[PDB]
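Asks: protein01.csv is reproduced in full below (CSV, C-alpha atoms).
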chain,number,residue,atom,x,y,z
A,2,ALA,CA,-24.0,101.6,-18.6
A,3,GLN,CA,-22.4,103.2,-15.6
A,4,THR,CA,-20.9,106.7,-15.7
A,5,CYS,CA,-17.9,107.5,-13.4
A,6,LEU,CA,-16.8,111.0,-12.4
A,7,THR,CA,-13.8,112.5,-10.6
A,8,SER,CA,-14.8,116.2,-10.8
A,9,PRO,CA,-17.4,117.6,-8.5
A,10,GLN,CA,-20.8,118.3,-10.2
A,11,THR,CA,-24.6,117.8,-10.0
A,12,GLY,CA,-27.2,116.6,-12.4
A,13,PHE,CA,-29.8,113.9,-13.0
A,14,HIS,CA,-29.2,110.2,-13.7
A,15,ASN,CA,-31.9,107.6,-14.2
A,16,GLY,CA,-34.5,110.0,-12.9
A,17,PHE,CA,-32.5,110.7,-9.7
A,18,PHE,CA,-30.8,114.0,-8.7
A,19,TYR,CA,-27.2,113.5,-7.7
A,20,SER,CA,-24.6,115.7,-6.1
A,21,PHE,CA,-20.9,114.9,-6.0
A,22,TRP,CA,-18.8,117.3,-4.0
A,23,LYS,CA,-15.1,117.3,-2.9
A,24,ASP,CA,-12.4,119.8,-2.1
A,25,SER,CA,-9.2,119.5,-4.1
A,26,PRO,CA,-7.0,116.9,-2.3
A,27,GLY,CA,-7.0,113.2,-3.4
A,28,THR,CA,-9.3,111.3,-5.6
A,29,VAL,CA,-13.0,110.3,-5.5
A,30,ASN,CA,-14.3,107.9,-8.2
A,31,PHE,CA,-18.1,108.6,-8.0
A,32,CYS,CA,-20.1,106.3,-10.2
A,33,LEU,CA,-23.6,106.5,-11.3
A,34,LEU,CA,-25.3,103.1,-11.9
A,35,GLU,CA,-28.7,101.7,-12.8
A,36,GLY,CA,-31.8,103.3,-11.2
A,37,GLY,CA,-31.1,104.8,-7.8
A,38,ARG,CA,-27.6,103.2,-7.4
A,39,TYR,CA,-24.3,105.0,-7.1
A,40,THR,CA,-20.8,103.8,-5.9
A,41,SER,CA,-17.9,105.7,-4.4
A,42,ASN,CA,-14.2,104.9,-3.8
A,43,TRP,CA,-12.1,107.6,-2.2
A,44,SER,CA,-8.5,108.0,-1.2
A,45,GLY,CA,-6.3,110.9,0.1
A,46,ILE,CA,-9.2,113.3,0.3
A,47,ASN,CA,-9.8,116.1,2.8
A,48,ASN,CA,-13.6,116.3,2.6
A,49,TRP,CA,-16.1,114.8,0.1
A,50,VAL,CA,-19.9,114.2,0.1
A,51,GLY,CA,-22.1,112.7,-2.6
A,52,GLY,CA,-25.1,110.5,-3.5
A,53,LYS,CA,-28.4,110.2,-5.3
A,54,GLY,CA,-31.8,111.5,-4.2
A,55,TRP,CA,-33.9,114.6,-4.9
A,56,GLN,CA,-33.2,118.1,-6.2
A,57,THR,CA,-35.7,119.4,-3.6
A,58,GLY,CA,-36.2,117.6,-0.3
A,59,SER,CA,-39.5,116.7,1.4
A,60,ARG,CA,-41.0,114.5,4.1
A,61,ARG,CA,-40.8,111.5,1.7
A,62,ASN,CA,-39.8,108.1,3.1
A,63,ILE,CA,-36.5,107.0,1.7
A,64,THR,CA,-35.3,103.4,1.4
A,65,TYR,CA,-31.8,102.4,0.6
A,66,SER,CA,-29.6,99.3,0.6
A,67,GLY,CA,-25.9,98.5,0.0
A,68,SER,CA,-22.5,98.7,1.6
A,69,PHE,CA,-20.3,101.4,3.3
A,70,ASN,CA,-16.8,100.9,4.6
A,71,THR,CA,-13.9,103.1,5.8
A,72,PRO,CA,-11.1,102.5,8.3
A,73,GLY,CA,-11.1,106.3,8.9
A,74,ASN,CA,-13.6,109.1,9.3
A,75,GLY,CA,-16.7,108.9,7.1
A,76,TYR,CA,-20.5,108.8,7.3
A,77,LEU,CA,-23.5,107.1,5.6
A,78,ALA,CA,-26.4,109.4,6.0
A,79,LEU,CA,-29.6,110.9,4.6
A,80,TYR,CA,-28.2,114.4,3.9
A,81,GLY,CA,-29.6,117.7,2.8
A,82,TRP,CA,-29.8,121.4,3.0
A,83,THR,CA,-32.4,124.2,3.6
A,84,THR,CA,-32.1,127.9,3.0
A,85,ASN,CA,-33.5,130.8,5.2
A,86,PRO,CA,-32.4,129.4,7.6
A,87,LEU,CA,-29.2,127.9,6.0
A,88,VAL,CA,-29.1,124.4,7.6
A,89,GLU,CA,-27.1,121.3,6.7
A,90,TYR,CA,-28.9,118.3,8.1
A,91,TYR,CA,-28.0,114.6,8.6
A,92,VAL,CA,-29.8,111.3,9.5
A,93,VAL,CA,-26.7,109.2,10.1
A,94,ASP,CA,-27.1,105.4,10.0
A,95,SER,CA,-23.4,104.4,9.9
A,96,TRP,CA,-20.0,106.0,10.5
A,97,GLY,CA,-16.3,104.9,10.4
A,98,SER,CA,-13.8,105.7,13.3
A,99,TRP,CA,-15.6,108.7,14.7
A,100,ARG,CA,-19.2,109.1,15.8
A,101,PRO,CA,-20.4,112.5,14.8
A,102,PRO,CA,-20.9,115.3,15.7
A,103,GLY,CA,-18.6,115.0,18.7
A,104,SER,CA,-18.1,117.4,21.6
A,105,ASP,CA,-19.1,120.5,19.6
A,106,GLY,CA,-22.7,119.2,19.3
A,107,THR,CA,-25.4,120.2,21.8
A,108,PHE,CA,-27.4,117.0,22.6
A,109,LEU,CA,-31.1,117.8,22.6
A,110,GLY,CA,-32.7,114.3,23.0
A,111,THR,CA,-33.7,111.2,21.1
A,112,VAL,CA,-36.2,110.0,18.5
A,113,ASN,CA,-37.2,106.4,17.6
A,114,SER,CA,-37.6,105.7,13.9
A,115,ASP,CA,-37.3,102.8,11.6
A,116,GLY,CA,-36.4,100.2,14.3
A,117,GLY,CA,-33.6,102.4,15.7
A,118,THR,CA,-33.0,105.2,18.2
A,119,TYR,CA,-31.2,108.4,17.1
A,120,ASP,CA,-29.5,111.0,19.3
A,121,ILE,CA,-30.3,114.6,18.2
A,122,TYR,CA,-27.8,117.4,18.2
A,123,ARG,CA,-27.3,120.9,17.0
A,124,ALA,CA,-23.7,121.8,15.9
A,125,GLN,CA,-22.3,125.0,14.2
A,126,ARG,CA,-19.8,125.0,11.4
A,127,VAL,CA,-17.6,128.0,10.9
A,128,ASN,CA,-16.5,129.1,7.4
A,129,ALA,CA,-17.4,125.7,5.9
A,130,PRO,CA,-18.5,124.9,2.4
A,131,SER,CA,-22.2,125.3,1.8
A,132,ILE,CA,-24.7,125.5,-1.1
A,133,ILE,CA,-24.3,129.3,-1.0
A,134,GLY,CA,-20.5,129.3,-0.8
A,135,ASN,CA,-18.4,129.2,2.4
A,136,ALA,CA,-20.6,130.1,5.4
A,137,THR,CA,-21.2,129.8,9.1
A,138,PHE,CA,-24.4,127.9,9.8
A,139,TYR,CA,-26.1,125.3,12.1
A,140,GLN,CA,-26.3,121.6,11.5
A,141,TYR,CA,-29.2,119.4,12.5
A,142,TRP,CA,-28.1,115.8,13.4
A,143,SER,CA,-29.9,112.6,14.1
A,144,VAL,CA,-27.2,109.9,14.8
A,145,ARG,CA,-28.4,106.3,15.1
A,146,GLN,CA,-27.2,104.7,18.4
A,147,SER,CA,-26.3,101.5,16.6
A,148,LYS,CA,-24.7,101.4,13.1
A,149,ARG,CA,-26.5,100.0,10.1
A,150,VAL,CA,-26.2,100.0,6.3
A,151,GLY,CA,-29.7,99.6,4.8
A,152,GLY,CA,-33.3,100.2,5.6
A,153,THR,CA,-35.9,103.0,5.4
A,154,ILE,CA,-35.6,106.5,6.8
A,155,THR,CA,-39.0,108.0,7.7
A,156,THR,CA,-37.7,111.6,7.3
A,157,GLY,CA,-40.9,113.1,8.8
A,158,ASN,CA,-40.2,111.5,12.2
A,159,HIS,CA,-36.8,113.3,12.3
A,160,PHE,CA,-38.1,116.6,11.1
A,161,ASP,CA,-40.9,116.5,13.7
A,162,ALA,CA,-38.5,115.5,16.5
A,163,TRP,CA,-36.0,118.3,15.4
A,164,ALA,CA,-38.9,120.8,15.4
A,165,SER,CA,-39.9,119.8,19.0
A,166,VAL,CA,-36.4,120.8,20.2
A,167,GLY,CA,-36.2,124.1,18.2
A,168,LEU,CA,-34.4,122.8,15.1
A,169,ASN,CA,-36.8,124.2,12.6
A,170,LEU,CA,-36.1,123.8,8.9
A,171,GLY,CA,-36.0,126.4,6.1
A,172,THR,CA,-37.0,126.1,2.5
A,173,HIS,CA,-35.8,122.7,1.3
A,174,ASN,CA,-32.9,122.4,-1.1
A,175,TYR,CA,-31.4,119.0,-2.1
A,176,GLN,CA,-31.8,115.7,-0.3
A,177,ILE,CA,-29.6,112.7,-1.0
A,178,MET,CA,-28.6,109.4,0.5
A,179,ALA,CA,-25.1,110.4,1.0
A,180,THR,CA,-21.6,109.0,1.6
A,181,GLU,CA,-19.2,111.5,3.3
A,182,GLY,CA,-15.5,111.1,3.9
A,183,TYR,CA,-13.1,113.2,5.9
A,184,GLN,CA,-9.3,112.8,5.7
A,185,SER,CA,-9.7,109.1,4.9
A,186,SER,CA,-10.1,106.4,2.3
A,187,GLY,CA,-13.0,104.1,1.7
A,188,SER,CA,-15.9,102.9,-0.4
A,189,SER,CA,-19.7,102.7,-0.7
A,190,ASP,CA,-22.3,101.1,-3.0
A,191,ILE,CA,-25.7,102.6,-2.3
A,192,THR,CA,-29.0,102.1,-4.1
A,193,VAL,CA,-31.7,104.7,-3.3
A,194,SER,CA,-35.4,104.3,-3.1
What do you get writing this file as structure tokens?
Replies:
Amino acid sequence: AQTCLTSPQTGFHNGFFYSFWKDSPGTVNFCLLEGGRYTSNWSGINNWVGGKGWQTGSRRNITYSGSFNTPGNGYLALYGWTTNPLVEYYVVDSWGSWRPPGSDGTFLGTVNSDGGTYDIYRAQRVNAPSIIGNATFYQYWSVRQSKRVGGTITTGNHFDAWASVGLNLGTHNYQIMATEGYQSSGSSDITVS
């Protein structure tokens, strides 16, 4: 069976951790399917992020396949958090209208991984939702130079490249193959590992 949610929550489904988050505007239909699969369909939202993965991140290699589409702002990304320091990190494989993080990111270099090349940035978010409540914190970004939906993400290559430019991680919190939407509508269907 598949279980479809519209209220933000976390838990476990078929052995995978999942996090489904949204602020109040609009509707996300976030559905939990067989194994590592989830789907999303969003409209009229301000910001939402969710997917399947692990309750505690590591240097594991993560494989995923499926589809992602939005005519507006959204991302398909390995996504997670650390604490002390509080960091929101991203390995972005695809995006919609706008390539993140934009002009507020400090470009620090590139890393080759998984047949792609990713641009590395630090950005800061001010008073933004976080796993500890609204907070000001840094983001670590790897953003693939060409878009794709499906493949492996060798997370250790990113963590090591980030470390070599001063983007050092804290204690790992959750780690999911995420779909994110910002003031947009769209859909995704992602199967993790």
Asks: Considering all atoms listed in the file, can you say which of A:138, A:160, A:96, A:175 comes closest to residue 121 in chain A?
Replies: A:160
Asks: Tell me, as a list in words, which residues lie within 6 Å of range 51-67 of chain A, counting only C-alpha atoms; anything in the same chain fewer than 5 positions away does not count.
Replies: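 Result of the neighbour search: residues 17, 18, 19, 20, 21, 22, 151, 152, 153, 154, 155, 156, 157, 173, 174, 175, 176, 177, 178, 179, 180, 190, 191, 192, 193 and 194 of chain A.
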Asks: Pick out the closest residue to residue 99 in chain A from this set: A:72, A:8, A:142, A:24. Count only C-alpha atoms.
Replies: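 Answer, going by the shortest atom-to-atom distance: A:72.
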Asks: Give me, please, the distance in Å between CA of residue 150 in chain A and CA of residue 95 in chain A, quoted to one decimal.
Replies: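 It comes out at 6.3 Å.
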Asks: Within 9 Å of range 75-93 of chain A, which residues of range 103-136 of chain A come that close, and what is the closest atom pair and distance in Å for each? Count only C-alpha atoms and give it as a Markdown table.
Replies:
| residue | atom | partner | partner_atom | distance |
| --- | --- | --- | --- | --- |
| A:119 | CA | A:92 | CA | 8.3 |
| A:131 | CA | A:89 | CA | 8.0 |
| A:132 | CA | A:82 | CA | 7.7 |
| A:133 | CA | A:87 | CA | 8.7 |
| A:136 | CA | A:87 | CA | 8.9 |
Asks: Need to verify the contact set: residue 184 in chain A, 9 Å, only C-alpha atoms, exclusion of same-chain residues closer than 3 positions in sequence. Can you return it as a VMD selection string?
Replies: chain A and resid 44 to 48 73 to 75
